Structures are given as C-alpha cells and as structure tokens.
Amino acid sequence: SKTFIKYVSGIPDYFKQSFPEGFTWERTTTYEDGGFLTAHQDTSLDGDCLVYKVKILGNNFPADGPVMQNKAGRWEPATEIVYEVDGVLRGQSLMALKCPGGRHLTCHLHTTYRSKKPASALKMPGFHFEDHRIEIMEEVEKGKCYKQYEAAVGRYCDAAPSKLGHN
C-alpha cells in the first residue's frame, strides 16, 4: 500500500507521482524454510478512494512450519532497498517473523514497482531505504477478520554518514 509513505530528505515519491493513472507491483517472497509467496497488485484511484486488486500464489510452505501451523508471532520492522532498474523501480528486503521458541523465520522479498505513467513523466528517486513497520492490531475473528497497521518512511542512511558527500 505504497502510496502511504513519508519521504524525508527530498527523496522523490514514485508512487504519489503515478496518479491519477496509478501503478502496479509484483513480488516473490522466498522463505528460509522453503515457502514461496508470489503476488501481483494493481493500484488505481476511483474518485476519492484508492482501490487495490491483488492476486496471490503461495506454495511449498512446510506442513510443520510456523506458517501452516498458524503459530507465528509478529513481523519485525523491515528495511527495503529501492533503486531504479530497467526504467522502473526494484525493491528488495529481508523480513523476520518472530515465532515461538525464540525463532525468527526470515524471508527475502524481490519486488518490481511499475508506474502507469511513462518513465519520461517521472522524477526517479535515487537509491534509498524504505522502512515498513507492520502490526496486527487485532485478530477480530480467528482466521476470518484482522486489523493491520503500517507506518513507512523513505530515507537515506542518516545514522552513519559519508566522508565523501554520498547520500
């Protein structure tokens, strides 16, 4: 839901720039225990309301793993690297699902973001980080209704500065 990101440090906003046309994204998430979760998403703007259409294919999740056992904890915040390739944006991140027994089940996200505007109509962001904190606020009905929060920030590495003038 990439329209909801606070960009700092003057980083251009590929997602907000894409309106009114919108954008798509596509992703394969590889889990360290063999699962894969692939998705394609379309983002459009219907009057005052953003509209998402999502297609999902997940496979190879181990029967005994936290995912298929429905014994997962919570996601840690995640930091995505985002950069231009092939005139569109690539993203990759490592995410970590905290699970019982002091386990972290990690995964690797491989994403391409595709504006519906031509690249020549866009101010492309340089390499940067996108932090996303995802929290399940409530499981309203077991297996049936969830409330989920996300906070996201587009930024450079502020904590460790360059000696050469680099972002």
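Quick note: we count residues from 1 along the sequence shown, nothing fancier.
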Comparing 65-73 with 108-116, where is the mean C-alpha B-factor higher? 65-73
Going by the entry, of stretches 27-35 and 94-102 the one with greater average Cα B-factor is 94-102
Quick one: which of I134, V54, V140, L57 has the biggest Cα B-factor according to the entry? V140
Of the residues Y149, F19, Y14, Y156, the one carrying the largest Cα B-factor as recorded: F19
Lowest, middle or highest third - CA B-factor, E84: middle
Using the B-factors in the PDB entry, rank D46's C-alpha atom against the chain and give the third, lowest, middle or highest. highest
